[PDB]
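# Geometric and topological summary
Here are the chains, one letter per residue:
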Amino acid sequence: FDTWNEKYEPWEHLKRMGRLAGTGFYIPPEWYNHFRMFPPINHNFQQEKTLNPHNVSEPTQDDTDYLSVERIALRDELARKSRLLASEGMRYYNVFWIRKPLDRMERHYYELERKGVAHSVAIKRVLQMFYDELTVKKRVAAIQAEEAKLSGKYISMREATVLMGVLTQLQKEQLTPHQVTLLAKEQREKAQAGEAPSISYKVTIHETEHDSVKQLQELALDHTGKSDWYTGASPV
Amino acid sequence: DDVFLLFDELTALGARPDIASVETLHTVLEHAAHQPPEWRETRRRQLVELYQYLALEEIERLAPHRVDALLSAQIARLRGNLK
Amino acid sequence: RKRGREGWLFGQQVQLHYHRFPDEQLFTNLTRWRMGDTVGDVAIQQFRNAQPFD
Amino acid sequence: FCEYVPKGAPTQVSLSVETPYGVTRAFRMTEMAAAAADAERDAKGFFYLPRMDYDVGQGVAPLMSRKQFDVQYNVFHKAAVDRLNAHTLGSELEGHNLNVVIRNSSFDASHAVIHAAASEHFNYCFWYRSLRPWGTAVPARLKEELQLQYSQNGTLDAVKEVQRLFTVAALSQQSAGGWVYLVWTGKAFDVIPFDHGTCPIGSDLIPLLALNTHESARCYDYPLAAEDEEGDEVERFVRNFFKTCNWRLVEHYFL
Amino acid sequence: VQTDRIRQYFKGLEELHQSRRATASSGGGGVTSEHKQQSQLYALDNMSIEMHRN
Amino acid sequence: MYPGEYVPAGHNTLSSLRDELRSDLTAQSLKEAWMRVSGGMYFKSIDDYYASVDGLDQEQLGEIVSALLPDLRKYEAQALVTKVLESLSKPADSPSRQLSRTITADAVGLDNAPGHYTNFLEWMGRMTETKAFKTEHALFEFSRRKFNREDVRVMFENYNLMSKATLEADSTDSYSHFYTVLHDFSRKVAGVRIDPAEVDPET
Amino acid sequence: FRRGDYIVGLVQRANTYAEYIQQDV
Amino acid sequence: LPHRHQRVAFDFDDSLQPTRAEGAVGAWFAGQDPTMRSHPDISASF
Amino acid sequence: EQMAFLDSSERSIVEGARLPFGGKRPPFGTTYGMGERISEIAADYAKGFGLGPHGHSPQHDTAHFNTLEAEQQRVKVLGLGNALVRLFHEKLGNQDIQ
Amino acid sequence: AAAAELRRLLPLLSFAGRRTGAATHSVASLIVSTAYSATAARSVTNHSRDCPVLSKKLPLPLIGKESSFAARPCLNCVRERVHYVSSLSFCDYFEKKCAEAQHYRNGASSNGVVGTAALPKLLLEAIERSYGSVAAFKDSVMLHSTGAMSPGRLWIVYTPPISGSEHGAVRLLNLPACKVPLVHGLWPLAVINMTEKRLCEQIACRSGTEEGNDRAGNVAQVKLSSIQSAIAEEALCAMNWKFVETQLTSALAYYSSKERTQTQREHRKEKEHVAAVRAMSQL
Amino acid sequence: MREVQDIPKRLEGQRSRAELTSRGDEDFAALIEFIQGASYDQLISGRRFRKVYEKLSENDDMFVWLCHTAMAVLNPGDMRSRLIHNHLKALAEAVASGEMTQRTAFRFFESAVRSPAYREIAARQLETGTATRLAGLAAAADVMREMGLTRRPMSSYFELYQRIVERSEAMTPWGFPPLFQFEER
Amino acid sequence: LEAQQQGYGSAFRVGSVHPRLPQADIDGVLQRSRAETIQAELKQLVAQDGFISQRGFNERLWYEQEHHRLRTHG
Amino acid sequence: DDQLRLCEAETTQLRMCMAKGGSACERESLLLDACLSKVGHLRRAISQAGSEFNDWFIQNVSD
């Protein structure tokens, strides 16, 4: 366990291979052809020799946390309060090039600190620097919800129930494609031309709940049934 | 019209129609009547021939077991369908 | 030299870690990445870097 | 020595045609150009301006000018990106290739921001790919297939029908604020009018040709002819694009 | 058991919509004709008498 | 709570069917709505759903949606059916979409990312859907020896059955003939006799 | 090209072994 | 083996023993990087 | 070059299978170094030199061109052609130049 | 330029009610007669067989140019081409009545501090009733400016319901190329020009001044958010707010009117009746 | 004797040379010799199947080494570098062909001459030492593309990607006890 | 059978597709872009953003909700 | 040390005094056997979880 890898040390090979190929009677292998001038590091020693655990001599496998304990204290407090801020760019994998709001805002926290703000107040504010930034980003989302929904090519949740409300009807009530062909036409009528003792009559067609493309042009006339209700100015 | 050729072949090769297999046809003949009525009327009489044979073959199965409830349940399906 | 390379906790010969690399669970989930299968997964969000208790 | 020079400056031997005021005034423009490497590094997003294969220093041949290509590529399309790069973070669609972020964000009310910019991102991106400057002839592997479908027993209206079918497809874009694609629908080639913010990928189809109907595609160069011909410069536009079309690409994606 | 209380559940749901299908379908797949013939009769898996001495 | 383990961003775990319908099309809000509207039907893949509706083509489902939604065109209408079906299940693939995944991902070209990190994330996963993966995937199951004697007969009769012309037609790929010689076993990784009666017709 | 590279031929479109897509149809 | 604070053969990449001083040393590093919070070798009780 | 730039009658086509190694690189650790030196020799004659487009040697440590066949996909979509040729060869049509 | 096609096209459709006049046919009411059913019914209405647009033969804008189209008109798309052009004239006239009628020197002739700070009080009474503070509405327009899927005109509309003299006093609404919120049922008070054509012509002029000494330069550092906030601030500064007030008074005049409630009250009695004979005759 | 000695017919003469030129796809011929164990003439023989395992796993001794150097060496440096990538192609030339045992090969890659002040430059991009693999695995899979290791192109990328995902499940997935990191007594 | 053991169902006396169009959502879509509704969306977001340790049903964690009933009882 | 069956001791004890009234132990059919059916899976989950362990620390921890 003491010399467990000294026989497999890289130098001990290239050192020996040095005098091997040097004699000229041993065609040097491919690696020594290349590692002849790119020789490995000088001061990479096993822990088995440098009897110290903290001696992380290998330059690549180096494990260490440069994050100051104060910073691990700081960034943890900002993160723990607001998951969305912590997990901005790391929801599936850490992204190199984009900058993470936690970083950019934890940068603001230091500026508020030196500007006189006590810690407890800086954390309440610098977090709001996100919540007023996500505000617009989530606000604009509702703004471009109008342009899409009002254009009619985009489905909110209320219409999403219908699709599955239909999709469920298919397997729950098997419909032959012949019958499905009617559910296309018989619903398209209610969808296009629909509208919201002989007793006077029922709650029927004169007041229904279904929404139709017909009903839309009625809901453009303010229920007047006439083209001319808008009293405002107009081209003449 | 192609389907009612298939049902004839599979029975020509040897398979027997079962009750669920016949209601398959009835579902096609009832809903898809866009053909002229005579074409229905040869089926509307031939499709019956299955049931009448199907039921006759149905009871011989449940004959000895002295079960009338299932028997009355099996004919119940056959009764409404011809209605 | 009698013990060899050992760990102080329970003599383990490897550092304890459930997860080490920043994009391991991504790379193994590659097929499900391009195919949009993992757009809203939680197990790939929640435990991407879950490492054992101290 | 191309790395060190700012993003757009020229690279040549100075003719000494510039005085001290000629140089030092230029140096500031190089200085303030460093603000890019700052800002671009801080505005770096998951999505980006897709690089154009053909060099665009000279405007796209006969179709576009360079002035017209500054607007769409450098100003609008970027602004179509900046929206997406902004709204993708925080959403579950953070860090996904386009074909994932398009469909998942497609057809829903709240997510429409992504489906607006992303489906546009690919749109503006494909309009660059479709333009080969001086135009290329349709490879025979297509000139046979287009001939099969779009000649209703005519005398080789292979492309000739395609041209008109675009002009009707573009004029039909009555908003004049959408896109026009020649999509492979799995069975038949057919040009489809596409509203801005929606691409054929959201429609699951395989797009082949990209054609811009947005005014910003023609705003600077083409309505000049309109102000003199009073008909449709957009017809004059479509007739000019096919002098720059790339059927070479739509051959790759044909198979 | 929690995770298993889920798996044992969701199969309990999927078994419904499967078993429901046989009664809901237009004479859909129920007892199979090969199931009626070959797998119906008593065997070690189906209604077998005791498979143990003593 | 494991260190480094956190609840996803905004995924409110403490939701219920009792709670109101979420106002966002997501992986979690939909399958939640699928619990109420549809009960418990949770198919594995999309074409598992078609097997339930017994042979309904997508364009047919693209019809009924065009009625419910008159604004979309036809080829926009079909797109919705694929989505909801791919939302509640594993979003699936097609030889058309396996081209669609390329055209969108090739259009953007080379990224400005530091090490072209995305393009590698694209090009690597790209290979995994190629035939030359299912072939090599089979070999790993072949080397791990999970087949029986009945499969060797099936692989073997695949080899005799291919013509030497097909070999030189497959040796081009250098992978394709392995797909054939291991055809059945490539899929088997995924997924009482009744003689004729021999009586004397005479006696 | 012009220097260097029917109804029946249509059917073939739709060495030693490729002879039969010409021949065997 | 001799522990860290009592060792006379300092390893190649490990930090050699920190110095001992009063904590009120921040002022003495005036001209250095005004963001350097603490020097990793200035210890209060070593 | 033989196939599409010459007529079928006068072009000699060398087959791949009849070649020594089948005409492709043999598997590495197999052939006693016979094949490895060929590709090596091949690469040693096919390696580039000179200041490319990005501004470095082709063998530079940081600047790497042809990332995922970008230049290969670049030519594949551009097409090595000329509008002037495209017009002329259209106008010539079926007739031979002679 | 829209008047030419209308008188060229309104003879085709009969369902209008007025036509071939000096815009006596209220072109607004045209957009309220030709409505969603014009475009949103492009699949279901199924333009009569031999329709050119459905055969992808004659473009929807240029049906009128063909005379043979008058021999067999495409029923719905006629309304569409009527609908669109009518909107096009409408937005222009409102753009003109708002900006080519901005000659009112609203104060200081300034692109600056005014924005929405110097305007009639009733709007200030109505804005703060909806937008919390006038400063908020001053920046909200900037958001309706920056945020638009397709670059389109931002409108202002009133929503009636609550009669506490508060409801929908002002609701900003941007829309695609040529949709006027009439069809949605919203009285468009004022309209903002953020059209694509208006922006790109703003791009060249602000692009550099240059002093003609260095060279003819071109710029790409401009972000759309600035220029799209540049115009939205200029049209908010040079806005004709009295004309808006005129709209608001008239807009409120409708929803306040008894006859509106009455014209709805007469309509269901008219609607429920025609639905009745249906159920009776079918039995 | 050749199988127990692990030596092919060496290049004796002109006959032996052309015996080793047009060998072809050794990976498939073994799969034919074994699969034909189900014909009437012969019965399946484990000795013939065992012949397959090596024909498929010739280069597994090398393939195992790459899953190590990429997915076990944290912070290898920018593998996009021609410098680093060439170090691999040189060492990949050594694990295959057996010039160097895996353990020695590993200790070369980790302690390969990478960079001046390599620790410090990492301290800016890398906080806890760990690093990303999709840059490495890009170059890792790129070696056996450059070096003509296998006839099947996807075998390289696969057995890398397939060994990792199976290893991604065991506890302490990546770090190995250095006693058992490779084949050893 | 439904008649032998399931026969005395109904213990007492033993012996839609509705579609709904998007734009028709008139009032709901209008208000929801104002601050008064947005600030409600964002304040809720504030509430469900603290580091939540639950990750699952506190009723499945019966030791939790059965404590939550006990406070609810008192 | 998972003595899982709370159903177990009921038989193991009350059978020691099964002369309590008079009968055999027919209740164990639920307790001694069916109470395993609720956990029989959980025991299988344990062993393989334990078997992967005895397999695991052999890889790193064992001597």
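Residues numbered from 1 in each chain as written, not as in the entry; some residues may be left out. Chains lettered and ligands numbered in written order. Part of a larger assembly, values for the part shown. Heavy atoms only, no water.

The name given to chain M in the PDB entry is mS37, with Leishmania major as the source organism.

Per the PDB entry, chain D carries the name Putative superoxide dismutase and comes from Leishmania major.

## Let's talk about the nonpolar core
Going by this rule: To define a nonpolar core, start from buried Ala, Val, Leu, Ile, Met, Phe, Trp, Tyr and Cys residues and group those joined through side-chain atoms within 4.5 Å. Only protein chains enter the area calculation, which uses a 1.4 Å probe; residues under 20% of their type maximum are buried, those over 50% are exposed, and those in between are partly exposed. Starting at the N terminus, helices and strands are each numbered in turn, a helix being any DSSP run of H or I of at least four residues and a strand any DSSP run of E of at least two. The criterion used for residue contact is that any of the two residues' heavy atoms lie within 4.5 Å.
Among the nonpolar cores identified, the biggest contains 156 residues, and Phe166 and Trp247 of chain D together with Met62 and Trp65 of chain K are the most heavily contacted of them. If you tally residues by element for this core, the top one is helix α4 (residues 112–130) of chain D, at nine residues. Sequence-distant contacts of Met62 of chain K, that is, excluding residues within four places in its chain, are made with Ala92, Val95, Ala96, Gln102, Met144 and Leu149 of chain K. Of all hydrophobic cores here, the second largest spans 58 residues; its members include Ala126, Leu186, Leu236 and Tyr254 of chain J.

## As for the packing of helix α2 (residues 66–88) of chain D against α4 of chain D
Residue and element names in this part refer to chain D. The condition is simple: Simply put, an axis is a line fit to the C-alpha atoms, just over the touching stretch for a helix, and the angle between two N-to-C directions goes from 0 to 180 degrees. By definition, turning the near helix anticlockwise from the far helix through less than a right angle yields a left-handed crossing, and turning it clockwise yields a right-handed one. In this classification, the charged set is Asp, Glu, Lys and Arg, the nonpolar set is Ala, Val, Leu, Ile, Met, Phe, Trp, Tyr, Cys and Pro, and all remaining amino acids, among them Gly, are polar.
Put simply, α2 and α4 touch, their axes get as near as 9 Å, and they point 145° apart. You can see that α2 and α4 cross each other, and the crossing is left-handed. Contact residues: α2 offers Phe69, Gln72, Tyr73, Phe76, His77, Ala80, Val81, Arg83, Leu84, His87 and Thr88, while α4 offers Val113, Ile114, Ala117, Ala118, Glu120, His121, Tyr124, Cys125, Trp127 and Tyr128. Each residue belonging to the contact of α2 with α4 can be placed in one class, and the counts come to 14 nonpolar, five polar and two charged.

## Here's the deal with the pairing of strand β1 (residues 178–184) of chain D
Here is the key point about a regular strand: its side chains alternate between the two faces of the sheet. Residues and elements named next belong to chain D. Spelled out, the test is: Here a strand pair is declared whenever DSSP counts at least two bridges between the two strands.
Burial of β1 is extensive: seven of the seven residues sit out of reach of the surface. The alternating pattern of β1 places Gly178, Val180, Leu182 and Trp184 on one face and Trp179, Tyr181 and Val183 on the opposite face, and all of these are buried. When β1 meets strand β2 (residues 189–195), the two strands line up antiparallel, connected through seven bridges. By the bridge assignment for β2, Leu182 is matched with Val191. Connecting the antiparallel pair β1 and β2 is a turn made up of four residues, with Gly186 showing a positive phi of about 80°.

## Quick look at the interface of chain J and chain A
Accessible area lost upon the coming together of the parts serves often as the stated size of an interface. The line we're drawing: Buried area: the accessible area, evaluated with a 1.4 Å probe, that two parts lose upon being put together, summed over both parts. Any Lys or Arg side-chain nitrogen located within 4 Å of an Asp or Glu carboxyl oxygen qualifies as a salt bridge. Side-chain atoms alone can form a polar contact between residues adjacent in sequence; in general such a contact is a pair of N or O atoms within 3.5 Å, and within protein one must be able to donate a hydrogen while the other accepts it.
Opposite the 52 residues of chain J that make contact, chain A presents 38 residues. Counting each side, the surface lost to burial between chain J and chain A is near 4100 Å², with a carbon and sulfur contribution of 62%. Per-residue buried area on chain J facing chain A is highest for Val32, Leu143 and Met149 of chain J; these three make up 15% of the total on that side. On inspection of chain J and its partner chain A, the count reaches two salt bridges. For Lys271 of chain J, the salt bridge is made with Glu195 of chain A, and the minimal N-O distance between the two is 3.4 Å. Joining chain J to chain A, the criterion identifies 16 residue pairs in polar contact. Looking at the side of chain J that touches chain A, the elements with two or more residues in it are α2 (27–33), α3 (36–39), α5 (75–99), α7 (134–146), β2 (171–174), β3 (187–192), α10 (241–256) and α11 (258–282) of chain J. The greatest single-element share of the side of chain J that touches chain A, amounting to twelve residues, is contributed by α11 of chain J. Among the residues forming the side of chain J that touches chain A, the class breakdown is 28 nonpolar, 16 polar and eight charged.

## Observations concerning the state of the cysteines
How we decide: The term disulfide is used for any two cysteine sulfur atoms that are within 2.5 Å.
Enumeration according to the criterion identifies two disulfides over all chains in this entry. The disulfide that involves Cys7 of chain M links it to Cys35 of chain M, with 2.0 Å between the sulfurs. Residues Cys7 of chain M and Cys35 of chain M are joined through a disulfide that is left-handed, its torsion about the S-S bond being -80°. Here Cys35 of chain M lies in helix α2 (residues 28–37) and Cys7 of chain M lies in the segment before α1 (8–14), a separation of 28 residues in the sequence. By relative accessible area, which is 10% here, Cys35 of chain M ends up buried. Between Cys51 of chain J, a free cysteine, and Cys74 of chain J, which holds the nearest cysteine sulfur, the sulfur-to-sulfur gap is 3.5 Å.

## Remarks on a nonpolar patch on the surface
Residue and element names in this part refer to chain G. Here is the rule: Patch construction takes residues with relative accessible area above 30% that form no salt bridge. Like charges are linked within 9 Å, and nonpolar side chains (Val, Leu, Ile, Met, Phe, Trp, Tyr) are linked within 5 Å. Only the protein chains shown count as cover for residues, and all accessible areas are computed by the Shrake-Rupley method using a 1.4 Å probe.
Taken together, the side chains of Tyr6, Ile7, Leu10, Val11 and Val25 present a nonpolar region at the surface, about 570 Å² in accessible area. Relative to the elements of secondary structure, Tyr6 occurs in the segment before α1 (7–13). With relative accessibility at 70%, the residue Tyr6 sits in the exposed group.

## Notes on helix α5 (residues 97–107) of chain F
Residues and elements named next belong to chain F. Counting buried residues in α5 gives ten out of eleven residues, a clear majority hidden from the surface. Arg97, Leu99, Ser100, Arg101, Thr102, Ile103, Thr104, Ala105, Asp106 and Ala107 are the residues of α5 that are buried. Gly109 occupies a position one or two residues after α5 and carries a positive phi of about 70°.

## Some words on the side chain of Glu195 of chain A
Along the polypeptide, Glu195 of chain A turns up in the loop between α9 (177–192) and α10 (213–218). The buried category is assigned to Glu195 of chain A, whose relative accessible area is 16%. Of note is the side chain of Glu195 of chain A, whose polar atom sits 3.4 Å from the side chain of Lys271 of chain J.

## Considerations on the sheet that holds strand β3 (residues 206–212) of chain D
All names here are of chain D. Spatially, β2-β1-β3 is the arrangement adopted by the three strands of the open sheet, whose pairing is antiparallel. Unpaired on one side and paired on the other, β2 and β3 mark the two borders of the sheet. Direction aside, the axes of adjacent strands within the sheet are offset by 30° on average. Two strands pair when backbone bridges link them, and β1 and β3 are joined in this way by six bridges, in the antiparallel orientation. From the neighbouring strand, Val183 faces β3, where its bridge partner is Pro207.

## Let's talk about the side chain of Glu86 of chain F
Residue and element names in this part refer to chain F. Tracing the backbone shows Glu86 in helix α4 (residues 74–88). By relative accessible area, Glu86 is classed as buried at 9%. In contact with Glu86, not counting residues within four places along its chain, are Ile46, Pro91, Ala92, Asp93 and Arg97.

## Some thoughts on the arrangement of the chains
In this assembly 32 pairs of chains touch, with chains A and J having more contacts than any other pair. Separated without contact, chain B and chain F have their nearest C-alpha atoms at a distance of 13 Å. Considering only C-alpha positions, the minimal separation of the non-contacting chain D and chain L is 10 Å.

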